[PDB]
Structure formats: structure tokens, C-alpha cells
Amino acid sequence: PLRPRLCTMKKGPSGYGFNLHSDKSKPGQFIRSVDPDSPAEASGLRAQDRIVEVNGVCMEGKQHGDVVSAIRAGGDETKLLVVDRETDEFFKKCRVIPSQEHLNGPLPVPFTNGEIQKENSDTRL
């Protein structure tokens, strides 16, 4: 497969029904669990997904509470852009942060080992 997935869900009587986890061992906010028959599960959210965007705003580099505040501040609805591990394990090789562009359109091309061997440092100024 290897594309990100957008999860649109509406708050139920007791929330969305999933668990977000993060720790110092790795970067990123991950779905530890999703309750059965929950709004989160119906939208297509699954365990071990990593949150990339919350309602069209990028979450790369932000802390856990920032993502949590971003989700709680969206009202009774939220739209999460998420990637599974294999899709996540692909985009780092492209060195590309996933976005809404990748839901439909052409996917990036990974970098070869020889290109990383060059140890290039490039900056657009």
C-alpha cells in the first residue's frame, strides 16, 4: 500500500475512543490502542499508526501535549493524517514529511545509499 490515510471522526458520548502514546525512545505520536465499535475505529484508525497532521496542520517536531491540545481544540470532530510503520519506514528513506499531497498524488522517490554516502548539506536561502 504505502500511502498515508486521513481519519475523519466525530466525537461520541465518551470521546473518540483511542489512546495516543509517546516516549523518549522514539520520535512521534503513536496510536497505542483504538476501542472496538468506536468512532476512531470506524474512520480507519488502527494501533501503531503515527499522527502526522491534525486538521490540516503538520505535527512534526511538536510535543505530545501540543498534539493533544490540537485534538481537543477541534471541537466535536477531528481529521487525523496518519501513517502505518511501513509507510512511515518509507518516507524517511525519501526524507519527506507526509502531507495531504500524498493521499492521491505521486509518491516521492527514496534516496540511494550512495547519495547519503555523499554527506551533502544543502540549504535554500
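When you see a residue number, it is the position in the sequence shown, counting from 1.
| Mean C-alpha B factor from the entry: is it higher for 55 to 63 or for 32 to 40? | Per the PDB entry, the higher value belongs to 55 to 63.
| Residue range whose averaged C-alpha B-factor is higher in the record, 46 to 54 or 71 to 79 | The stretch with the larger mean CA B-factor is 71 to 79.
| request: Would you mind ranking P13 by its C-alpha B-factor against the rest of the chain and naming the third, lowest, middle or highest? | output: Its C-alpha B-factor belongs to the highest third of this chain's values.
| Going by what the PDB entry lists, where does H21 fall on CA B-factor within its chain: lowest, middle or highest third? | It falls in the bottom third of the chain.
| When the modelled residues of the chain are sorted by Cα temperature factor, does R5 land in the lowest, middle or highest third? | Lowest third of the chain for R5's C-alpha B-factor.
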